[PDB]
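Now for the letters of each chain:
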Protein chains: 2
Amino acid sequence: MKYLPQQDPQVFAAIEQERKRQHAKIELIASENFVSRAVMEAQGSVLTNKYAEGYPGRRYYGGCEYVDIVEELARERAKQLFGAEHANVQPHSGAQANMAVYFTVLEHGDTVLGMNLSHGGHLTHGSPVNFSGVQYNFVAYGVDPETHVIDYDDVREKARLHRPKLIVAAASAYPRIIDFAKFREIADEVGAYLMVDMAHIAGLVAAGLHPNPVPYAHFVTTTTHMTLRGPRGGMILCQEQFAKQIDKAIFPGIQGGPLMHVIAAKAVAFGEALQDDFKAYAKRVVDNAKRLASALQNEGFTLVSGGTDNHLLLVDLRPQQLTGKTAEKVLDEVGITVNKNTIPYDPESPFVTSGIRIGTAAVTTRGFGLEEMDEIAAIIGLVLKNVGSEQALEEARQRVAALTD
Amino acid sequence: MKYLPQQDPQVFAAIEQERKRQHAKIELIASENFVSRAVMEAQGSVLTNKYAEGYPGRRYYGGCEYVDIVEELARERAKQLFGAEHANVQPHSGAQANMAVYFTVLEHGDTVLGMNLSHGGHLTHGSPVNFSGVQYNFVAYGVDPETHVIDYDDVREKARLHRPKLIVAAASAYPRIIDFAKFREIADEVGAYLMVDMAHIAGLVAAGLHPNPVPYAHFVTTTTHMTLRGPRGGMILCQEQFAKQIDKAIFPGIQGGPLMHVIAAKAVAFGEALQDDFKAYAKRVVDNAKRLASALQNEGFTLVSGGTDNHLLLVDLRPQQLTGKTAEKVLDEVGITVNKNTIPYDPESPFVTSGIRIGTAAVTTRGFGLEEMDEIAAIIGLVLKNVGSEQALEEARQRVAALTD
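Residues numbered from 1 in each chain as written, not as in the entry; some residues may be left out. Chains lettered and ligands numbered in written order. Heavy atoms only, no water.

Asks: It is not clear to me how the nonpolar core should be interpreted in this structure. Could you clarify?
Replies: One broad trend across soluble globular proteins is that nonpolar side chains are buried collectively. Of all hydrophobic cores here, the largest spans 158 residues; its most connected members are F82(A) and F82(B). Residues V112(A), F251(A), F138(B) and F251(B) belong to the second largest nonpolar core, which totals 50 residues. (Core = buried A, V, L, I, M, F, W, Y, C linked by side-chain atoms within 4.5 Å. Buried < 20%, exposed > 50% of the residue type's maximum accessible area, 1.4 Å probe, protein only.)

Asks: I keep staring at the UniProt feature "binding site: pyridoxal 5'-phosphate 4" (unreviewed entry) in chain A and nothing clicks. Help me out?
Replies: Residues and elements named next belong to chain A. If you check UniProt for "binding site: pyridoxal 5'-phosphate 4" (unreviewed entry), the listed places come out as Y51, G94, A95, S172, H200 and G257 in our numbering. Across 207 residues of sequence, these annotated residues are also dispersed in space, with a maximum C-alpha separation of 32.8 Å. The annotated residues that sit in the lining of the largest cavity are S172 and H200. Tracing the backbone through its elements, the reader meets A95 in helix α5 (residues 94–105). Take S172: it is sitting in the loop between β7 (166–169) and α8 (180–190). Its relative accessible area of 13% is what places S172 among the buried residues. Those residues in contact with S172 that lie beyond four places of it in its chain are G120, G121, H122, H200, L312 and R357. (UniProt positions renumbered as here; feature names shortened; annotations may be inferred. 1 Å grid on protein atoms, 1.4 Å probe; cavity = no way out; pocket = protein on both sides within 12 Å on 5 of 7 lines; lining within 4 Å. Helix = DSSP H or I, 4+ residues; strand = E, 2+ residues; numbered from the N terminus. Contact = heavy atoms within 4.5 Å.)

Asks: Could you clarify how one ought to interpret the sheet that holds strand β8 (residues 193–197) of chain A in this entry?
Replies: Whether parallel or antiparallel, the strands of a sheet pair through hydrogen bonds between backbone atoms. Residue and element names in this part refer to chain A. Spatial ordering of the open sheet is given by β4-β10-β9-β8-β7-β5-β6, a layout of 7 strands whose pairing is mixed. One side of each edge strand has no neighbouring strand; the edge strands of this open sheet are β4 (86–88) and β6 (137–141). In this sheet, neighbouring strand axes are inclined to one another by 20 degrees on average, regardless of whether the strands run parallel or antiparallel. Two elements, β8 and strand β9 (residues 219–223), share 3 bridges in a ladder whose sense is parallel. For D197, the partnering residue across the bridge sits in β9 and is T221. (Pairing = 2+ DSSP bridges. Axes fitted to C-alpha atoms, helices over the stretch in contact; angles between N-to-C directions.)

Asks: Help me out: how do you make sense of the interface of chain A and chain B in this one?
Replies: Buried accessible area, meaning the area lost when the parts come together, often serves as the stated size of an interface. Counting from both sides, the interface comprises 82 residues of chain A and, opposite them, 82 residues of chain B. Summing the contributions of chain A and of chain B, the shared interface buries around 7200 Å²; its carbon and sulfur component is 58%. Of all residues in chain A, the largest losses of buried area upon contact with chain B belong to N49(A), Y66(A) and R232(A), amounting jointly to 10% of the total for that side. Where chain A meets chain B, there are 4 salt bridges. Among the salt bridges present, the one from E32(B) reaches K50(A), with a minimum N-O distance of 3.9 Å. For the pair chain A and chain B, the number of links is 43 residue pairs in polar contact. Among the elements of the structure, α1 (3–7), α2 (9–24), α3 (37–43), α4 (65–82), α5, α6 (131–135), α10 (243–254) and α11 (260–274) of chain A are those that each provide at least two residues to the side of chain A that touches chain B. Broken down by element, the residue count for the side of chain A that touches chain B peaks at 9 residues, all from α2(A). Its residues assigned to classes, the side of chain A that touches chain B comprises 39 nonpolar, 29 polar and 14 charged. (Buried area = accessible area lost by both parts, 1.4 Å probe. Salt bridge = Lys/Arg side-chain N within 4 Å of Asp/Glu carboxyl O. Polar contact = N/O pair within 3.5 Å; in protein donor to acceptor, adjacent residues only side chain to side chain. Nonpolar A, V, L, I, M, F, W, Y, C, P; charged D, E, K, R; others polar.)

Asks: Please clarify how the relation of the copies chain A and chain B should be interpreted in this entry.
Replies: Superposition of the two copies of the chain requires a rotation about an axis and a shift along the axis. Under the fitted operation, chain A is carried onto chain B by 0.0 Å of movement along the axis and a turn of 180 degrees, and the coordinates agree to an RMSD of 0.0 Å. The operation mapping one copy onto its partner corresponds to a two-fold rotation axis. Among all residues of chain A, the minimum C-alpha distance to the rotation axis is found for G44(A), at 1.8 Å. When the interface residues of chain A are mapped onto chain B, 100% of them again fall at the interface, so both copies present the same face. (Least-squares fit on C-alpha atoms.)

Asks: Help me understand the pattern of salt bridges in this model?
Replies: Side-chain pairs of opposite charge can arise where the charged atoms are in close proximity. Residues and elements named next belong to chain B. Using the criterion set out here, one finds 44 salt bridges over all chains in the structure. The partner of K79 in a salt bridge is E76, with the nearest N and O atoms 2.7 Å apart. Within this pair, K79 and its partner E76 are both found in helix α4 (residues 65–82), separated by 3 residues, close to a single helical turn. Among the residues examined, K79 registers a relative accessible area of 23% and is labelled partly exposed. With relative accessibility at 40%, the residue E76 sits in the partly exposed group. Across the pair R176 and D309 runs a salt bridge, and its minimum N-O distance is 3.0 Å. Highlighted residues: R176 in the loop between β7 (166–169) and α8 (180–190) and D309 in the loop between β11 (302–303) and β12 (312–316), separated in sequence by 133 residues. Using a relative accessible area of 32% as the deciding quantity, one classes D309 as partly exposed.

Asks: Can you walk me through the packing of aromatic side chains in this structure?
Replies: Aromatic ring pairs are described here by two measures, namely the spacing of the ring centres and the angle between the planes. Taken as a whole, this structure holds 22 aromatic pairs over all chains when the rule is applied. Between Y102(B) and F131(B) the ring centres are 6.0 Å apart and the planes differ by 50 degrees, which places this aromatic pair in the tilted class. Of this pair, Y102(B) sits in helix α5 (residues 94–105) while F131(B) sits in helix α6 (residues 131–135); the two residues are 29 residues apart in sequence, bridging distant segments of the chain. For the pair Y102(B) and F131(B), one class covers both residues: buried. One aromatic cluster is present, built from ring pairs that chain together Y102(A), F131(A), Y136(A) and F138(A). Above the face of the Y3(B) ring, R37(A) is positioned so that its terminal group lies 3.6 Å from the ring centre. (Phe/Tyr/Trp six-rings, centres within 6.5 Å; stacked < 30°, edge-to-face > 60°. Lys NZ or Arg CZ within 6 Å of the ring centre and 35° of its normal.)

Asks: Please clarify how the pairing of strand β15 (residues 355–359) of chain B should be interpreted in this entry.
Replies: Every regular strand shows the same layout, with side chains that alternate between the two sheet faces. Residues and elements named next belong to chain B. Counting buried positions over the 5 residues of β15 gives 5, a clear majority of the element. Side chains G355, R357 and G359 of β15 all project onto a buried face; the interleaved residues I356 and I358 project onto the opposite face, where all are buried too. Strand direction decides the pairing type here: β12 and β15, joined by 5 bridges, are antiparallel. The partner of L312 across the bridge, within β15, is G359. As paired strands, strand β14 (residues 339–340) and β15 are joined by 2 bridges and run antiparallel to one another. Its bridge partner lying in β15, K340 is registered against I356.

Asks: Please clarify how the side chain of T227(A) should be interpreted in this entry.
Replies: Residue and element names in this part refer to chain A. Mapped onto the fold, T227 is located in the loop between β9 and β10 (234–238). Only 3.5 Å separates the side chain of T227 from the backbone nitrogen of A202, close enough to count as a polar contact. A distance of 3.1 Å separates a polar side-chain atom of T227 from the backbone nitrogen of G203. Those residues in contact with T227 that lie beyond four places of it in its chain are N33, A199, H200, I201, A202, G203, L204, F278, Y281, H311 and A361.

Asks: Quick question: what am I supposed to make of the UniProt feature "binding site: pyridoxal 5'-phosphate 1" (unreviewed entry) in chain A here?
Replies: The UniProt record annotates "binding site: pyridoxal 5'-phosphate 1" (unreviewed entry) at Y51(A), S93(A), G94(A), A95(A), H122(A), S172(A), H200(A), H225(A) and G257(A). Tracing the sequence through the fold places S93(A) in the loop between β4 and α5. With relative accessibility at 6%, the residue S93(A) sits in the buried group. Beyond its immediate stretch of four places on either side in the chain, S93(A) contacts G233(A), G234(A) and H92(B). Examined against the element boundaries, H225(A) turns out to sit in the loop between β9 and β10. At 3.3 Å, the side chain of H225(A) forms a polar contact with the backbone nitrogen of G233(A).

Asks: Any chance you could explain the domain arrangement of chain A here in plain terms?
Replies: Residue and element names in this part refer to chain A. Examined at the domain level, chain A breaks down into domain 1 (1–32 + 284–405) and domain 2 (33–283). Domain 1 and domain 2 are separated by 26 Å when their C-alpha centres are compared. Listed per partner, the contact involves 31 residues of domain 1 and 26 residues of domain 2. For the pair domain 1 and domain 2, the summed buried surface comes to about 2600 Å²; carbon and sulfur atoms form 56% of the total. With its nearest N and O atoms 2.9 Å apart, the salt bridge here joins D287 to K283. Where domain 1 packs against domain 2, one counts 21 residue pairs in polar contact. Residue composition of the side of domain 1 that touches domain 2, grouped by class: 12 nonpolar, 12 polar and 7 charged. (Domains from an automatic or database assignment.)

Rendered as structure tokens:
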């Protein structure tokens with residue numbers, strides 16, 4: 001940076017901090033990643049500078065000829081990535097992407113069927129403190145109590161019982177492949193629309209490592225920042241038939257001027273995802289997650305669903321008589337970042353939990369491989385199995401620092 | 001840029017374009033501006049990298065110690081700038097800032113009283129194609145047919161008649177000072193809350209050139225990008241009493257993870273606004289707008305409200321028998337960017353209009369002064385008074401290029 005350090009030492013110090021932290025810690029928060037310098041340069045550009053309400057070639061402001069090129073690049077690279085008939089790359093976030101689909105297809109009070117929030121469903125899928133649960137009538141389907149795999153029979157009974165206008169599939173804490181074909185078949189049974197929120201698995205979908213929801217869903221929403229490793233923001237994919245309504249849901253519907261600099265970073269991240277090495281990267285993400293899962297079970301940990309189909313895993317800490325809240329804090333003491341996360345049928349409340357959610361997308365980006373996964377699992381074992389030992393914690397800290405350089 | 005040009009020539013070319021366009025054109029869109037390099041460097045940082053749902057010291061993710069410093073800097077610089085009891089710097093946009101206040105104070109279907117959309121009220125103030133007008137019952141107050149000044153008697157009668165739960169003051173196309181004390185007095189008369197959307201005038205408010213709404217309103221919303229000259233995003237200011245509810249409206253209410261890199265650019269823009277030269281700059285913005293208004297009237301143009309108290313002006317083109325749509329296109333032909341904009345009591349529909357909206361915040365940022373204002377008005381006169389003359393247009397183009405170097 002050149003001008004920031006001089007103009008704003010305080011903000012620059014904190015940024016420099018955050019940069020060093022990202023390097024020093026072992027980042028295991030499943031929704032995180034590290035973007036490339038080109039993505040950051042696109043967001044730090046003068047595109048931040050333009051009002052561009054409307055869409056390419058149909059703007060409400062003159063002078064959009066060049067930001068229209070950037071948007072169309074993003075839209076077209078998305079279409080290439082996912083095979084969707086239409087993309088809207090304006091959503092400011094995963095939340096806004098979900099909100100626009102709900103604005104489009106639902107009337108206030110309508111019934112929506114989503115994944116149980118304590119089984120993997122996201123906040124934007126019906127939490128009662130969330131707009132989704134406040135505006136609409138959300139009902140949930142759950143995972144099997146023993147396999148922790150979505151119970152498709154439960155999805156179907158719930159659809160048939162409650163007759164939702166919309167069915168939402170996908171999650172923020174579900175370690176197994178989701179069967180989009182089954183969800184769509186159920187949606188058609190009850191005449192509901194199908195929305196897939198692939199935020200967590202978008203990069204895996206882009207790399208062919210997770211079934212693509214595009215051909216099954218009427219709408220597909222996602223963040224551009226998780227496994228897709230783009231800037232922080234959203235995107236909606238949909239069939240051509242809903243194209244105009246989704247675009248109008250985004251604007252003049254729920255947003256105003258789009259973030260054109262972010263939309264330029266989206267196009268840049270999409271370009272990266274279209275290359276072969278992004279595919280090699282995604283592959284390592286999943287390989288790494290499997291490796292880490294295996295290694296954690298080798299250490300004595302129970303995993304929700306017994307392992308993982310994707311980038312993430314959930315540790316059920318009941319066997320070690322630990323709180324997720326406790327494990328998250330002790331791991332934070334040695335430089336390992338995870339999230340507490342409720343496990344299906346959790347006896348503890350959401351603010352305490354019986355599990356920790358872990359993902360490998362960030363460490364994979366940084367170059368960690370299967371041997372690092374083995375080490376990280378051994379570190380987690382030493383810590384979580386010896387919570388009151390300060391020497392275990394010190395040893396773990398030294399082993400974390402050996403990993404992060 | 002270093003990595004963008006190599007990794008993505010297509011996106012880099014379009015960005016480089018947009019950068020050159022910004023320099024070559026005479027940017028008169030009233031909501032635009034140019035941010036500083038330090039603001040851009042903060043948005044192009046690795047802060048983009050962190051999940052930080054929740055607020056400083058009350059996050060849902062570990063590792064937020066340094067992004068909490070950046071957020072608290074933004075919040076505290078905002079509080080210093082505007083004198084508000086609480087700031088929420090997470091809104092992704094002016095739209096999201098307004099949406100969170102509406103989520104907080106209103107139930108679906110509630111009555112809200114806002115400024116007539118064709119008299120200066122914004123899209124997020126009740127447009128029927130907007131979430132605001134779809135979710136709630138919006139009623140409007142107008143400006144006087146001859147002075148084009150908000151009719152406070154009309155505001156009061158409308159409040160007393162419709163008994164709104166909320167009253168919204170401010171606008172995207174109102175060239176005069178808004179009387180926040182009168183709005184609050186009316187709100188108290190009918191027991192309504194008062195929301196001021198100062199997006200357009202925030203920088204003028206920050207510089208003491210526009211009465212501050214903070215002491216009169218329960219809630220104040222704004223974009224961080226217009227006269228405030230920050231990155232593109234929103235902010236909500238409010239009394240301490242609504243602090244928790246507004247924060248919860250933002251998250252877990254209507255958004256998800258915040259844009260921490262943008263929040264860092266907000267703090268940087270707030271730091272700039274706190275300096276003396278930002279005050280000198282705002283002063284020039286308003287001086288320039290007055291100058292330009294005067295000069296336009298010298299050329300024979302009628303201005304809505306007969307002039308301006310702020311950064312913007314509205315030309316009523318009926319005297320020249322021009323469409324705003326026509327004037328916008330002919331000005332675009334010579335390198336001058338404006339917006340068509342309905343004028344109060346406009347005979348034309350919103351897609352055609354009888355006026356052009358103009359502001360001086362962008363050209364002032366670039367250094368234009370009173371002599372440039374005189375020249376720009378003379379250029380606009382030559383063009384709009386000789387629409388069918390190609391020689392007038394060529395002459396204007398040469399005079400535009402003399403201004404932009």
